[PDB]
Every structure is written in C-alpha cells, then in structure tokens.
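Before I ask anything, let me first share the structure, which is written out below as structure tokens.
Labels run A, B, C, D and E following the written order; every chain starts at residue 1.
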Amino acid sequence: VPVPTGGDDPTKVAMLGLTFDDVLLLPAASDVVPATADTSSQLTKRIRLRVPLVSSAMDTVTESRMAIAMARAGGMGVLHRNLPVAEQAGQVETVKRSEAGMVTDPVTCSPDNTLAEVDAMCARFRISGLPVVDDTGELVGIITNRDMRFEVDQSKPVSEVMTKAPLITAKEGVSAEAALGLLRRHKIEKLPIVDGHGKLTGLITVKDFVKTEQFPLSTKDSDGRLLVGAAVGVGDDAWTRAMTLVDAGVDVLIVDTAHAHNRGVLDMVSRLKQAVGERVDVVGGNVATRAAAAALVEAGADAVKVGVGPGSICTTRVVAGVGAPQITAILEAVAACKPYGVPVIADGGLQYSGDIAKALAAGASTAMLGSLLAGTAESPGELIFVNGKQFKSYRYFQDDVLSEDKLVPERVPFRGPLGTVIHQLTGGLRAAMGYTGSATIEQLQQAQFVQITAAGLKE
Amino acid sequence: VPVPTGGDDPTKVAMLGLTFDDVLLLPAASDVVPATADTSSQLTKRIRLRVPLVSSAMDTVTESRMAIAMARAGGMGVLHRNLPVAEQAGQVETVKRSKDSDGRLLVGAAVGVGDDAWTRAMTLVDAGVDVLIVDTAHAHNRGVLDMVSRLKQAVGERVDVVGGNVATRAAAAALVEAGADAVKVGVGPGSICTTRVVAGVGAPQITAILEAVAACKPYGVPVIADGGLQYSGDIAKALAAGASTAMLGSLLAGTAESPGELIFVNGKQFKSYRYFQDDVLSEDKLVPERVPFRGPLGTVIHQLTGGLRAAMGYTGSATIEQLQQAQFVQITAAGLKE
Amino acid sequence: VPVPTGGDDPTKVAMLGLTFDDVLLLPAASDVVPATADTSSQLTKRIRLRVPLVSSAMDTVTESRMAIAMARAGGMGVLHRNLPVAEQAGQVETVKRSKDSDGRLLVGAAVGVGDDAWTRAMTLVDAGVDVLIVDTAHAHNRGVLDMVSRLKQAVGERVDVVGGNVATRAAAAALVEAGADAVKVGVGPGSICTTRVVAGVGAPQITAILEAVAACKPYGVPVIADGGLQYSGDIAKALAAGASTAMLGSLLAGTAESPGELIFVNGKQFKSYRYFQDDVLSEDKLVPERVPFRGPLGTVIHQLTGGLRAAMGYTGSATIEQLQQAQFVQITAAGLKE
Amino acid sequence: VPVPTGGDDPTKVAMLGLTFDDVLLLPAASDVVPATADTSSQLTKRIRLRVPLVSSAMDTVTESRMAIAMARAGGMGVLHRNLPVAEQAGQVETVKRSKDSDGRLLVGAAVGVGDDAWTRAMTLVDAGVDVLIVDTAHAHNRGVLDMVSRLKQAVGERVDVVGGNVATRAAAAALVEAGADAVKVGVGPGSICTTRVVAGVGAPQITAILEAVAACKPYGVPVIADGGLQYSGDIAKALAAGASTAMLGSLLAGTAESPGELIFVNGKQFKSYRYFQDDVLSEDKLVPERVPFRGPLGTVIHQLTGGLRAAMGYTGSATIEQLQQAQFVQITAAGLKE
Amino acid sequence: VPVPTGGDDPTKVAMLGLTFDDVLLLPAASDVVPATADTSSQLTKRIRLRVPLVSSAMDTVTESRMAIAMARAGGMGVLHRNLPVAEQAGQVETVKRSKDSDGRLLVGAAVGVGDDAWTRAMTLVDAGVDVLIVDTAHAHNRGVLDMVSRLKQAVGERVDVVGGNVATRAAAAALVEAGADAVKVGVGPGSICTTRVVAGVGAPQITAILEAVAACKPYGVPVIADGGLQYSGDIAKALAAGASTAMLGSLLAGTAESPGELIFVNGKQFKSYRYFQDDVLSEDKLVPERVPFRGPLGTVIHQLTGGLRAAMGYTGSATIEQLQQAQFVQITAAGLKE
C-alpha cells in the first residue's frame, strides 16, 4: 500500500533525474567519418549555426569581443544585460559593424568631432579610417592613420586635420572592377561611395571579402553581418531595453530568467513575439519541466532554454533545495518542444565535451557555453599575473529575484584562446558523432544512452 | 519467488529511505515573489509562527537568551532540560517577563518521562510555559504516550503538548492517538549519526517525514522535522516533504545567543561552558565518554529564510501549506559528485 | 525481452547483495529498557551464550588466554588451528582446567579437512573441547560436508559440530543436511577483501545472512555471522538479519588478551609474534607474500554489548529472538556521504 | 505514462550498464582444487591457449620479446601496428623462428582498414603470422566488416581473423556474420577513459561482454574482453560473464618484456622509448597532445592465474567453459566503500 | 690581507646584525617579584607611561577606539594618517573629549612631510594632540629632519615631537640633533619583510636598537622599538637592548578595538574595512598591488605585560631602567631548531 520511498502519494517523488555523468553514448552502426560529420544545427526555428555552441549571456563570458569571436567560429554569442541599455546597444552595434559587408555603410564622424573621439571609434570598430559628413549628410572630409599618426593635441578638431573636400569618390551602384581601378590608379585605400546629391552612402574595400577568407565559418544574416543575441529581463525597463536592442539590429532576443515558468516571463515572450517577431527571434528563459517548455512554446518562443540548478554543487541546490538533473530536464523539455519544431538550448551543467555530445543526443539542438568560456582571452576582463598564474580581473541591472546572486552573500583563472576550447569541444562532438553513426545533429538526437552505476564513476 | 535482496520475507527490508541529499524540489508554475511569500506556519494545532523555525532543546543551543532571540525572530525556542526544575522554571519566567494572547514572548520547554518529569512539567506550567515537549530519543514507547496523555488531560486546556521523536507512520499515529498537538520527527537522521554507528538504528529524514505526515495530516497535527539539516535547502525540502516546522540544532550551537562564553584559543574563537540526562537510548549513552563561534543568530536565520523564500518562489508556493504540496525529483549518486 | 543489465539469462545476475552499510534498523514499538534486554542467544542447538559474541579462530586473535577471557565475559572463543595438534590440545586443556555442566569454561576449536584433521579433532575431543568448527574458506565442498557428517556420527553425542563459511541458501541447506549444529556464514564479506580483489568472489553479508537464515531457521540451526563487522551497529544488524551469534575477528586482533607480545616502536604500541595453513582458497594463498594494540578485551566487549542493548531498546526487542524479527530500511548512496 | 528518467521513449536509455566493480562471483558447490583447475580456453575457433591471456597490440605492450614471452607463458601476444610493414613482418619472423602444428610459437598481428592495411596483412600472412586482428576503435563500421570478410575469403584457410572492438549485441552479430573467428569486445570500458570524457561514448564492460556473448555464443565464436581490467578478480569476472579470453593492456605496459629501455629517474625505475596511427576515433586523436617499471612478466602472469584459479575453486568450475556459467551478485555503492 | 668575506674594504660589511631570535636574556641576581615590578617607562622626554606599549599608527591598527583603549590600558596610541586632515583631527578630539595635566586621555598622531603635512600637524595640535610623530620609512632624510626641527620650534613647548624610523647610530644622532623628543627605531626589521625582499634593505632590530641607544642615551632621548616583534619575549629583549618603549603593530591589527567590522566567512571571523599614502619607500609602494580576528586588546596587553614582568623578575630589574642594563647571551642556529 505505501510508496516505497514513503507516504501514500506515488507522484510526490515525480521522477528519477539523470545527470550527464549518469549516461554514456552507446556506439551504433556507423559510416560517419568524424572529420566529415555535419555539426550544423538550428539555434532557433529560422537560424541555423555551423557549430551548435552559444556563449552564455554572463557578464564574465560574453561581450562584443566574445560575440564576434563566437560568430566567426560558426556559433553565436548572447550579450549579457548586467549593464546600461545604451552600453548593450553599443555592443550590439559593434558586433553588427565588425563584418558589415554588402552596403558596408561606413562609420562617420562630424567635422566638429575631435581626434580622441575618432581614435575611440577606430579602437571600437577595428577600423583605420572615417569619412566626415556635415549636418545634411554631405561629405566634407576623411580622416585616416596618415592624417593623425603623430598629431600631438588630441583635442584637434576633425575639420582641422581632415582631408578637405573635394575627394576621390564614386557614385552609388559603382561596379566593383571600377572601384578596384580607382583604388589602383589613385592609390587611396578607402574609396567613399556617394549618392546622386553629395551625401555619403558607402565605402568600398575588398577587405570584407578578405575577412570572409579569414573566417569561412562565420554565421551571418542575408546582409552579411555577424549574428548576435541579447538577453533581456521582464518589465517596462526590459521592454525599453528590448526595443533599443531591436533598433540596434539584434538578431535574437532571449528573455533571460532563472525561472521561466512564470506569467510575467510568458507575457514578455508573447509581447516580444507579437511586436518584433518578424525581425528577431525570441528565446524563452530557463525551464526544467515539460509543462514549462509547453507553456513557453504556447507563448510563441522560437527556442526554449533549459536548465534550473543543473550543476551538482549548484548554489540553487544548496540554498533553495531546487534543481533538476540536466539530462532528464532536456528529455522532458524536448518531449514538449519537438512536436512543434521548437529548438532546445541546453544551458548549464557542462564540464567536458562529452557532456555537450550527451546534451545534443538527449534532444537539445544547441549547447550554451558558460563557465567553460569565462576565462578565455575573448571573454571580458584584463589579464593580470599573480604568483605563478595568470588571472582575469575587472545590482541595478541584476533584477532577477530568483538569480543565484540573490542567494550567495558575496579571481577568474585564465583559460587560453577561445579557438582552442571551441576546437576541442568540436573534436569531441565529431568523435561522438562518428561513434554513434550520426552524420548530422538531427541524427545524433536519435542516439541511445546506457545508464551507468556509481562504480562506473569511481577513479 | 524469493526477495531480490535475500530471504523470503518481502517486508524484511520495509522501505527505501531517502535523505535530503537524495531529492531536489522541482520548479513549477510560479507567480510568487520571494520577498512577498508568506513563510508563516503552524507549530502546533493552536500556535502559528511567523518563521517556521524552532531552536532545539539542547544544553548547547537554547536557554533564556536563545529563546528570547528566537521568539523575537518570529520563531520559538524550547528550553533544554539538562538542568534543575527550579532553574528551568526561572528561565521560563525570564523569557516570559521580557507573542501570546497577553502579549508576552512564547516559549517551549522540554520534559522527560516519570514522576520527576511530572513535577518538572507542573512547575513549568506554573511558570507560564506555552509548549511542553515530551522529548525522548525513542517516542514509540508506552511511557512516553502515557506521559503525553496525562499532560494533555492535566494542562491541555492551557498548554500545547508535543510528542517525542518518531520515525515511522505507526509511531506518529500512536502519538496522535495519545492527544499530542504536534509530532516531532527524526531518529538518527544524520549520515554519520552516533545512533546509526553504535546501535545500527536510523531512518532517513525525508521518508520518515513522509510517513509521519501520512499519519498526522488527516488529524490536523503539525509535524516538526528535527535533525539531519545541513543547509537552508534542507529546510525547504523538509517543509515540502510535509513538515510544518523545522527544529534547528547544531546550526545554532555556536551562535552568540546560544549558551557558553566566548574564548579565544589557538587563533580561533569558541564557546566554552549527570543527574538530569535520564533518557535511555540517547546519543550520550552510546559514546565511550569546543564548539566554534558561529556569529549572531540573525545572520543564520536570515540565510535560512532567504533559502526558504527562494524555494517558495521557484515552486510557486505562496504559503507553507502550498509548499507542502511541492514535488520532488530523486537524484542519483552522480548528482552528489563534486 | 532481454535482461536490462545484459544477456538473455535473468538468473545470470542472481541478486542485489546488501552489506551492513546498506541498511538501518527501523525503530519500532518498544517497552524494552536497554539494561534489562536479554542478550542471550544460541551458539549451537545445545549451547546458549550470555553474550552472543565468539572470538574468531585466527592465529592473531584466539588462544588460551583469549578463550578464557571470552568464556568469562559470557561469550566463547574458538582456538585457531595454525599450530601443532599437541599444542592445540594443550591450549584446550589449559582453558578447561581454569561453563559446561561440570563447571569448566566453555571452549571451541577449529579443525580442517583430511586424515590429519581427523587426528586433530579426536585429540581435541579427548582434551575436552566443547565445540568443533570445521573452518573452511568455502564450505560448499563435498569434503567439508563429509567431514562434518563423520564428526557428527563419531563425537556428535558429546560435542557440537559447526560448519564452515557459506554465503548462499543452498550451501547452508547442504550443511544442515550433513548434520551441522551451527552454520558459519560469510565469504568475502569485507568491501576491500582480498577474496573480492584477487579472486573476484564475494557475497554481501546482510544478504548472505538472510539466505542462510532462510535455509537454517526451519531446522533450528543457529547462524554465526563471520566477517564484515566494523562497529557494534553491524553486530545489531547481523543479529537482526537472523543470525544467532556474531564472530569477532580483527576487532579483537590487537587486544591485550590476544596472542603476541607487546612492543613499543616509534612511540606506538604494537603486538609482535606454513605446514598447517593447508586450506586452499584461504586469503593467505592469494597474497603475494604489525597489529596495533587495541586495549583490554573488556572495553571492546562492553562497547559492543552496549550498542546491541541500545539497538534492542530502539527495536523493542526483549530477546535476541525478537531482534531477529526486526525490520530494515535500505538507505541510498547519499546516506553514506560524510 | 512517461519514462521515470524523462521523456516518452522507453528505449532512449537502452540499458543499465554494469562494470567489473558492480558485481561479484557467487560461491557454488565445488569439488575443484585451484591447482588442478583447467585454465585452457579458446582464443579463436581453431586456437586454444593454455592460459587465457593475450597481450594487447599496444606499442608500449607487445613486440617480439613480449610475444615470445607470452607464447612461452601459455598465452599469446598480438604485435602492434604502429610501425612500418616490413618491421612488423620482421617481428613476426623473429617470433616464429625462435605452438602451431610445426612447433613454432604462435603469434598474432594487428592490421587496420584500407589498402595499406591490406598490403600489411598480406605481408604478415606471408611472414607466418597465425592470427590477424582487424583492430579498430569502432568495429560496427561497413569498412571494418568488409576488411574482415575480405581477409576471411583470401587467407581464412591459413590464418584466423579476429574482429575489432564492439560493445553491443548488434555489432557482435555483424562481425560474426562477416566471418570473424573471434570478436574483441570493449569500447570505452574504463571509468575515467578518454573516450568517455571527451566523446561521451562508452559501454560498461560486464554488460558489453554479456551482450556480445549473447550474439556470439550460438555460433561458437569466442569473445576477447579488452579493457577495463584492474585486478585478477576482473579477469575472473570477465571470463565468467562469457568471454573466452582476456586481453591484457596497461597491466603489461611496464613489464621487463615490454618494449622500451630501463632508466632510473628520481629514485624510481621507468621505461623510456604518426603516419601509422590512421585509426579515427582512437584515444590518441582525442587527447590535446613515462610508464613505470612493473617487474618481470612471469610474476604478473602468475598472480593473474592464481586469482583465476581461486575463482574457479570458489565457483566450482573445472574448466573455463564451466566458469562461463557462473552467476553474479550485484553489489551496491556501499560495497565499494573502503 | 684582504677581507675574509671578499674585497679589500673592511667596512664594506659594516656589522653583524642580531635579531630577536639571536639573543636571550641572562638570569641575574634577583630580589624582584614580577607582581611588584615597575613597568613604567618614558615614552618621550616629558611623557611617562604606566605600560611601555604604543599602538602602531597603521590604518588597520589605531584610530579613536584603539587610542582610547590603549590610553586606558596604561599605554598610548598613535593615530594613523591615511585619511583626510579633518577626520584625523576629529579622531583626536574624540579621544581627548572622552592622562595629561587636565585629566584627558593622552593620544599621538602621525604626520608626513611637506606643506600639507604642516597643515595637518597644525590642525592636530589645534585639536589637542599630545605627541606628533613624523613617521617615515626612512627618517635619515633632510626633509624629515627639517620637519622635526620646524615642529620643535613651532609647537615644541606644548607637544612632543618624535622622529621617524631609523636603523643606524648616525640617523639617530641626526634626529637627536634636530630636536626629536623620542627616536623610533626599525627599518625592515622582519625576516620576511617586504623591504628586505624587494629592496634588499633592512637592519636586524637588536643591533639597530643598540646603535640608536648608543646615539640617544647620553642626551636622554627615549627609543621606541617599532617592528619585528613576534612574542612578549621580544618586548623584553627590545627593552633590555636599551629601548624605552615598544610599538605594537601587527599584534594589534585584528583586535576588537582596531578599526574594521567583524565578518564571518567560511566559518572563520575576520575584520573587513591612495591620495594620503604619500610616503616614498613605504611597503605599499613595493608590493605589486582580510585581517583575522584576534580577540580583545586586554588579553594581548595582559599577556605582553606578564611576559615583561617575568623577564624583569628573571633579570632582577626593579625598573625598566634596570632592565636596560641586562645582559644577553647569543645563541646559535641549533638554538632555533624545534
């Protein structure tokens, strides 16, 4: 009559939760070479990444530098929101203008600007030249490295040192070969492209193609700019932030909450989907159950982020006693999301690349990388050297009531270049695909697990 | 035909006991802000606490100062009985004279079993005690039930009687039939507990709470979970398992409000401090023969309440009564691996 | 259709074996004061001990001094056979000449298998031994059963014969059929046991005791739990699983009454001390090729009996036969984590 | 209605995998003496070894000296393929020219997949190799099966073809249908294995052996257990799980007969010693980028055989074929606690 | 002919420096009970303390609370200057308003060098400070001497001026010539001192005190030993070496009276808390970029005074001036070996 674990309710202990260390991938019939495996996967319904890895929206993980590096690597990055709205929109704009391409509308400064401002802009956008346009948008000059290399007074106005108009310019729709001929004939490096009135429209240089050679795996929109995501909360400040990010050209908005099974989060997701659904994709916050994922799918989210207290010694488990083992959580959420074609992003609990392979095989479409990327060079922070080791050194916007920082009453080690970590994770994933006979990530999502005991984990 | 673990009786191994580390609380639909969650709960049938935490009646935990601090914090304190009867009544009066229907601080006091225990209980009731806890290591004993029933008949109209520590449904049912106003649960709940090591006796606390709640919930008798706690998450798990209040022991032993004087030895701070340890089967009867300072009680209580409110927000529990309906997920050994 | 752990045979992995750390005694309705609990139990069909403890027949544990101390303490000792026949008979005579119906101290002695074992057994019976134990690493052998039957026919009217170590129901039934008056149970019962590591052979002790008791209890044959004991709680668990006595080995190896001379090396006290180790499958045959002092025997026996009495009080067991009906709760891996 | 471990697919978690530490061999009725137990077993359909041990085809374990020593010890060795084809043929000839029907020592050699592997295999067969092992990290591949079938058709009348490592019943069945004379089993069998950590791929070795034996036993194809062994008890467990032979890897890496030269560094003895590591999914492809001395091979082989003989004596197995029918007891996590 | 330690200049290695660990106090004829020993000593030419202990002027040691406690204990405190002038003056006023000829507590304050230092000093004198300490890491500098002279000329009639840290006889003589009322001694006195490791600069404290006393004693200028102290025996040695008072630094850093708030992190208690650190050669300029709790000041002061009184009893010194005539014995390296 009684439940074996106590009581009379058979649903009091709803399930047995499996974590990553509880399962292994069973080898299957395979003709898949690890090198030839296709690791591309859907981040959302409309967005497909070459590498199914997304950097977590953590203040110590993803800023514009990390987002650019992740986009160039074939994945994507989500910009953290622990900063002012203006700063986050600026990071979005930096990522979008890192590899503009197409129109490549050039960053322009007013003649009333100063050399310090143009130096800051050059450092921000990784460029060595700025056209100068007046109040009406008409060209008035251009500034480059040769114009200000040794200038002493950084207060020198742009009009004082810019190359005065007229200049060597081309018209809108000028052919690429004609632009190359002009560049070779006049030996100028940055050729402005003007409209039919005198107002600047673009700038022609082959380096955008050159960077395409440098990073063939970059994930981009149709406009040829790098894809980027941004985290938002819930509320009116969150709505203002989301509108600003959409204006800046963000591609994915993620309603980032610790507990997405909440009417506020669902209403925010529905509002964003109705307002800016055609332009950007909306991803719902962290869930750990089938019902929460179903609620997010009903709210119209384009992808569902999964994980609530996934780590074993997670702060949420210790302080709140709340959590869900990640493999079981992913299985439960996929059972709700897959019939509607909604991708699942596994966030949290990863320690090795084998865990990434298991998370994808459990049914998730992408893995969100957090603490594994926190110490890399591309992550925000500055390198310092203490003792014999290198570390990384460096609220109003921490508005989540269930976030772990509300629980904790209170250095980040260096992890090396991002490329090495991404390469190792991809190699592990490709080896898993070869072992399981999975040519694609969709096939890998059909792979079977074997459950292991405690003796299988002992060193 | 035979049992998979040996023998022929399928009831020889009666149950699989779950501890706090075995389970986690599953997130559920929530419209509850942790700051706005109501943490009040019933201590007994007639007493409700703002904060569902009671200090254990241990000589190293609760005397008058700790009882006053716990009552002011929104909980309560039970005065330990490893002292003379007149001294215990004096501590009761010290707490009272410093909330009930008359506006004085609430206090509980522990008594044993026997005629000396009867005199102690009468003196404590005279001093104005609110809760009498018949405290024993093993309450599934006819003497404990007789003492509970006698106290209920004598002073039940004015005081609440709480029964001793149980670990099974049958023991909780027996205490309820004896007229106890609350049932205290736990018999060797710790993993390294002296009862488990020396006597081989114990019951994992989650299963014990589930069984005792199955016994007590139909009759409206609150359950006090005592022992096995290590973190505020364990408080949340115990309340979700069905207990109405939690009892705090070693978590409060070294706090400033707890007894003992502050000393400084070897660069670290400690608290330095029988004819009244009449209880058989107690852990002090099992052993062959310096508690560190832990800071003010307010910080510990704040941390525990913050953890509880976080759990309530995660599970969508507006009240403790709603948290008692929350679901668990059982984790494997890999879930405990660091 | 296939077995979840592999293959097609569901009997390939016969059972889930429980050890002492897997289970705890559940508290039950109790009127038993630990001091008044009766710890008397049957060693064999005709021998009852005041304290259900038997010193193991190990060269480092039991000879005449230890046997006398164990008999005086209310238990018994079995003399080890890693010595000449004349020496063993002399130790038997020493123990006897220092209780049976005559009033001399009870003593047992271990014998092997073979013609030399027969000579040893007859010499020991002449010397006045009370219990003969056919001590084998694996008693489920036709030679061991034939030896037990022969001893039962020859000297069964005057002494008792106890079969060697078994770990399954079938082996215990085979020993009972051969006429053994008690069955010694345990084959690689320790976790890090040499039999488990070198040979890959073992059986968890709780499950082994349950199976052996299922084989022996209908015939009234006592069960001696030998091996795997680490604490007095393990003694309580072994007796609760159905065993009538617990055999104490390494826990008595370094006691003052155990053999060996006391030496003082590096500021610590140790005890410093083959043709007769003829048993194959014994742990000495598996190894490729200093026991600390543990104090007086009285302290160890007192602690073990105190743990047993506490368990009896918790379970409500007035006698060992009532303790044998006690229930277990199985605990998870998290219940063993520190 | 949904699976208790998540989702709605009951076959998503196909099985519970058991490793060596999860099980123990149960004792059984035994008339077997360890010294008189017959340890012979089939390496392939046509080759029987006196001792069921095969040195792994690892660059750090087996070349001509190790192969000669293993052949003299009653087992066999497989020569590693991490070297030029002519060099491997020279090692084969060195082993042969120092048993088969012609009185020369038996030897095996490892080959990969591809045209260079075909040339290597033909050269080795011409050199007098007795067993060709199509050694792959993942043998459930169409190319590996085609290579095995081609080798069996071409040179199957003179040499034996053993298929690469598998971990499931289906893969073993595919290898058997392809004509493999033996099936090697194990894919990430170790607990801290590189394949498990980096790729997330593995199979507990006892379950894998049981499944592959379920595939291979009806057709009389022997199973070689490769990997996951730590002790001779693991050898016994693997052979009882159904494997015919055990392949020894890290246990032989630092032996005197293994390749490398002896050096003395920091007071300890060590051994100091690509285009041919063409295998994908191998552990050397997964890592980002000094093996100690282990003494003479004879000592290791003697210890392993002693453990195996002890297990055969305990289980009552006169032959390896009888040992393959022995039962297991599954142990809990508490059974591993030291 | 050449120097035995290298070179030709015999004064290149000027001296062999003795630290506290190098020397011990020799017992002498004694009619002095430690209880009746007079520990009073001159802080400056015009200020006498009951206990010769001064609290170091470090941001983590002395502000108003510590200064008040030190003044009540019979010693004195010097206020640190890592804060705005107005704040230091406010702390001076807090100490004074809470002993001099008017019955207010004595207090001292540190000042730097420069015009802002002059403004700070004038404000502090207006606030009623008793001692001004021109505190510098290296006082053998013309700026420090000029500042001491200017303060002596301006406010020498009302306040006492103490010179900064010196380590040589010449520096102490320069400070005495400049008009310092007391000379503070010590430059890199610790063994693991940052000044020694980073700059290679230091002086063992016993030798530095002896040299400074050689410079100062004929002029009646007291010596304040600052730095290098580890135990109360070091206080006794420093006073016996000729110093009149000892300045306590890191020994008082974690005491309750020291600045900072008590926090409890990881089970341990700590104290948790630039434009004003203008001094060059200070140790914060050399370092590339939580202080534990130490209990009440009373315990530390009582222990130090007890050690001093024990030394006075052992040497037969009725007064501190007699302790300044005590003899040392130099001990070898084996005298430091545990």
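Quick note on the criterion: a contact is a pair of C-beta atoms (placed from the backbone, for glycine too) under 8 Å apart; a residue touches a chain by one contact, two chains touch by 3 or more.
Chain by chain, the UniProt names read as follows: A = Inosine-5'-monophosphate dehydrogenase.
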Common touching chains of chain D and chain B: A, C
Central subunit by CA centre of mass proxy: B
Counterpart interface for B-C, drawn from C-D or B-E and sharing over half of its contact pairs: C-D
Inter-centroid spacing, chain D versus chain C (mean Cα positions, whole Å): 40
Mean-CA-position distance for chain E and chain D (Å): 75
Separation of chain A from chain C, taking each centre as the mean of its C-alpha atoms, in whole Å: 66
Length of the line joining the C-alpha centres of chain C and chain E, rounded to whole Å: 72
Per-residue multi-chain contacts in chain B, two or more chains: 15-18, 207, 332-333, 336
List of chain A residues in touch with chain D within their complex: 15-18, 20, 23-31, 33-35, 290, 327-332, 334-335, 352-358, 361, 363, 424, 427-428, 431-432, 434-437, 448-459
Of chain E, residues touching chain B in the complex: 264, 267-269, 292-296, 299
Chain D-touching residues of chain C, taken from the complex the two chains share: 2-8, 11-19, 21-22, 138, 140-143, 166-168, 170-171, 174, 187-188, 191-192, 195-204, 207, 280-281, 285-286, 288, 333, 336
